[PDB]
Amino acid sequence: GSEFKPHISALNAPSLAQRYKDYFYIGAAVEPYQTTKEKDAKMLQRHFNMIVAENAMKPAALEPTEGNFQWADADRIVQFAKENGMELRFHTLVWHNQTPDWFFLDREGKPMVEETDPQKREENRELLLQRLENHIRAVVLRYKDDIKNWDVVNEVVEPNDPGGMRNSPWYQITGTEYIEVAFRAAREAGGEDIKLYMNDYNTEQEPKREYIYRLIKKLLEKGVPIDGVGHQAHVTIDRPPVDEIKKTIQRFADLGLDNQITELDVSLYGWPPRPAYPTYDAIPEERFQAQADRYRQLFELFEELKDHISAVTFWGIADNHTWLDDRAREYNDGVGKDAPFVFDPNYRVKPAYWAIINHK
């Protein structure tokens, strides 16, 4: 144990975004209801100068059937950021998950992935790319003046698949062209001022890192205007090692790319939740102290790499809301709690908060 400053309320504790003002933005993923929850709204105004929609801007949320755009939840998050002078990230224009099946049906209502006529396959490819372009055109035309950071594609690399290309219907139907078109359409509709990212997880693992590096070079060679890599950084206390994170950021920086940490959380367990504690009160202090040392190591690394990192965004606000609790229950027969942030479920600061707010 090394962090023994008091567990004060986070609502008025010194601002995390302030601490990192000349390093990178400090962001949080939010749901629309949190923009009007008193404590969550206060937490955002106190600690965060960047916001991303955890779920409200995924493809199925915004265009659940063709041409039927659903803007209300997304507008709510954008308006909260505008009211409070926060930057925004867009999650996400393209993803194999959270994508409605109408994209991948031919004009006949049948799955394009089953088509065997080569000329018809080329027509389906053209049609799917037009649908993708229209999804992007609508969303970027609406938000381009307010959202500067765009996860144009998400999780398109899978090292277990041939050539490293995740074999989603996107890839089955268009190869890598859906990725090329996604970036071109985003630039066409949004102009030079928006920053376009390829977002993925385990970006430091090999050979996934090579595959992402290879893909970006291939896209660059095709004239694709990519600006950066987003690193989800869903990490644990021990994995991955900090030196591998450092080499990954430097590596993509060598292609001229900006880097953002997009979905940061530090689980208390391994991958998978080998044994979750059942309740929050059951987590011993030693675990939070271990998590504090890990957060310290991460953020001091981010400071060293500050000229290659424009933003660090957490995948949530406080420990009362995190996607890791679904996984904790799942692998522990219905009961389990994770604690991945620097703010606890009662909106108090954790040892990890003091570890990243201090002078180093």
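Position 1 is the first residue in the sequence shown; the rest follow in order.
Q: Mind pulling up the entry and telling me whether 277 to 285 or 227 to 235 has the higher mean Cα temperature factor?
A: Between 277 to 285 and 227 to 235, it is 277 to 285.
Q: Would you tell me which stretch averages the higher CA B-factor in the PDB entry, 204 to 212 or 137 to 145?
A: For C-alpha atoms only, the mean B-factor is higher in 204 to 212.
Q: Say you rank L219, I261, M86, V266 by Cα B-factor from the PDB entry; which sits at the top?
A: The listed residue with the largest C-alpha B-factor is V266.
Q: Among the candidates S310, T313, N49, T36, give the one with the maximum CA B-factor reported in the record.
A: Of the options given, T36 has the highest CA B-factor in the PDB entry.
Q: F69's Cα B-factor: lowest, middle or highest third of the chain?
A: According to the entry, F69 has a C-alpha B-factor in the chain's lowest third.
Q: Name the third of the chain's ranked CA B-factors that contains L44, choosing lowest, middle or highest.
A: Lowest third of the chain for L44's C-alpha B-factor.
Q: Pull the Cα B-factor of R19 out of the PDB entry and bin it into the chain's lowest, middle or highest third.
A: Its C-alpha B-factor, which the entry lists for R19, ranks in the lowest third among residues of this chain.
Q: What third of the chain does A339 rank in for C-alpha temperature factor, lowest, middle or highest?
A: It falls in the top third of the chain.
Q: Looking at the C-alpha B-factor of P241, is it in the lowest, middle or highest third of its chain?
A: Ranked within chain, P241 CA B lands in the highest tercile.
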